């Protein structure tokens, strides 16, 4: 099996590995990429994996040590891909790379290349999977593009700084984020800054996330006319499979649009 660190990385892997091998995801639904420890049984899972796919050391702290034990031939470190480095946006870069369709393409190519070397017998199927992934993703980019276009100019805050690659591609205009690190709670001042910005900049929405209780987001919005939505950067509701990455980006767009559309 291909073992992916995070569900959306698994979505990409499952598009390429479909009908070739299984895909498994380490980080459970509901858990956060920023605050996690591997299960004791995960050591053996990573050792037995055909391929391990992850973003990198500045993202999944929990992956670095086990990954270092593996052959280079058996891992894809997305953030370190030569085609990915020039696409990194800010000496710190944002590491939520799975929400970049272009980085998803680079990842798919990387996975395709490692799996064709490990399993030359599967070359035809892997080739077709790569071509189908591209076709699906292109269609989704068009659809998402058209869904999000009318939402340009509607301001909003998100809970943590996870969406930059997606927002940049699709032209959304966020006012900002509650936190960078979603475990660390926002200060009373920051919450007031957001509440002030919210009223002054006439924001449409604030977004919670399923991984964290929305109380603090609800409090910034108490008494205001700002709507409340939820974004899921980790695709908890989407199941792994050939079309999962497309379904994920479509759902995320749907989550923005559900709150932002109108009034």
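Numbering follows the first chain given and starts at 1. Only the largest set of C-alpha atoms that superpose within 1.5 Å between the two forms is called the rigid core.
Student: I'd like to know which segment deviates more from the shown structure in 5 other deposited structures of this protein: 212-220 or 66-74, using C-alpha RMS over all structures and residues after a core fit.
Tutor: Comparing 212-220 with 66-74, the larger C-alpha deviation in 5 other deposited structures of this protein belongs to 212-220.
Student: When the core is superposed, where do the C-alphas shift more in 5 other deposited structures of this protein: in 35-43 or in 232-240?
Tutor: Comparing 232-240 with 35-43, the one that moves more in 5 other deposited structures of this protein is 35-43.
Student: Does residue 91 have no coordinates in at least a third of the other PDB entries examined?
Tutor: yes, residue 91 frequently unmodelled elsewhere, at least a third of entries.
Student: Hey, how big is the hole between residue 90 and residue 91 in terms of deposited residues without coordinates: none, 1 to 3, 4 to 9, or 10 or more?
Tutor: A long stretch, 10 or more residues, is missing between them.
Student: So, looking at the entry's B-factor column for Cα atoms, which has the higher mean, 27-35 or 66-74?
Tutor: Looking at the record's C-alpha B-factors, the answer is 66-74.
Student: Tell me which stretch has the larger mean Cα B-factor in this entry, 162-170 or 188-196.
Tutor: Taking the mean C-alpha B-factor of 162-170 and of 188-196, the larger value falls to 188-196.
Student: In terms of CA temperature factor as recorded, identify the highest of 215, 234, 231, 55.
Tutor: Highest C-alpha B-factor among the listed options: 215.
Student: Can you tell me which of 138, 95, 119, 110 has the highest Cα temperature factor in the record?
Tutor: Highest CA B-factor of the listed options: 119.
Student: Going by the recorded CA B-factors, say which third of the chain residue 183 sits in, lowest, middle or highest.
Tutor: For residue 183, whose C-alpha B-factor we compare with every modelled residue in the chain, the answer is the highest third.
Student: How does the C-alpha B factor of residue 259 compare with the rest of the chain: lowest, middle or highest third?
Tutor: Highest third, going by the recorded CA B-factors of the chain.
Student: Should residue 124 be placed in the lowest, middle or highest third of its chain by the C-alpha B factor in the entry?
Tutor: Tercile = highest for this residue's CA B-factor.
Student: In terms of the chain's CA B-factor thirds, is residue 59 lowest, middle or highest?
Tutor: Middle third - that is where residue 59 ends up once the chain's C-alpha B-factors are sorted.
Student: Please rank the C-alpha B-factors of the chain's modelled residues and tell me whether residue 151 sits in the lowest, middle or highest third.
Tutor: Highest third of the chain for residue 151's C-alpha B-factor.
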